[PDB]
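Asker: Pasting an experimental structure, sequence included:
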Amino acid sequence: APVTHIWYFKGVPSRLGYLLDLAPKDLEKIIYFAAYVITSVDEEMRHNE
Amino acid sequence: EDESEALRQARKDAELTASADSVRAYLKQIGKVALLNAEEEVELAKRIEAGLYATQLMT
């Protein structure tokens, strides 16, 4: 299973967080199996249903 | 007290926590399901036996 590099997640500035516009605490929760995250969502199906 | 949503709110707030310790997070994860009794174990085992018979007859 994939793993995330520790340099770009934990540091003075969080590079992953800056790139994804995510807070470092939420990023830690995401990549440490403490909170689910919605990868993608459909618009047409939601709109018409 | 034991009511008035104070204890419930505290419990849910403490449950929606970080627990950066991996071992403690795992312990809080396992501490969800309740324990069982011998009749429940027998019923579950019968269900697994039925399922395996079902899938082998599918094969």
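Answerer: In hand now; what should we look at? Numbering: from 1, shown residues only, chains lettered A, B, ... in the order given.
Asker: Okay, buried residues for the longest helix out of those in chain A please.
Answerer: The longest helix of chain A (DSSP state H) is helix A:24-31. When burial is assessed from 16 or more other CB atoms under 10 Å in any protein chain shown, helix A:24-31 yields the following buried residues: A:27, A:28, A:29, A:30, A:31. Every residue, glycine included, has its C-beta placed from N, CA and C.
Asker: can you list those in TSV and add distance to chain B?
Answerer: TSV is the format used below for the buried residues of helix A:24-31 (distance: CB to the nearest CB, whole Å):
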residue	distance to chain B
A:27	12
A:28	8
A:29	7
A:30	12
A:31	12
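Asker: hmm, back to that, which other residues reach the longest helix of chain A?
Answerer: In this structure, residues lying in contact with helix A:24-31 by CB atoms under 8 Å, 6 or more residues apart in numbering or on different chains are A:4, A:9-10, A:14, A:16-17, A:20, A:22, A:34-35, A:37, B:18, B:20.
Asker: Stretch B:4-24 too?
Answerer: Here stretch B:4-24 has contacts from A:25, A:28, A:29, A:32, A:34, B:1, B:25, B:28, using CB under 8 Å, 6+ apart.
Asker: Ok, stretch B:34-45 next?
Answerer: Outside of stretch B:34-45, no residue comes within contact range by CB under 8 Å, 6+ apart.
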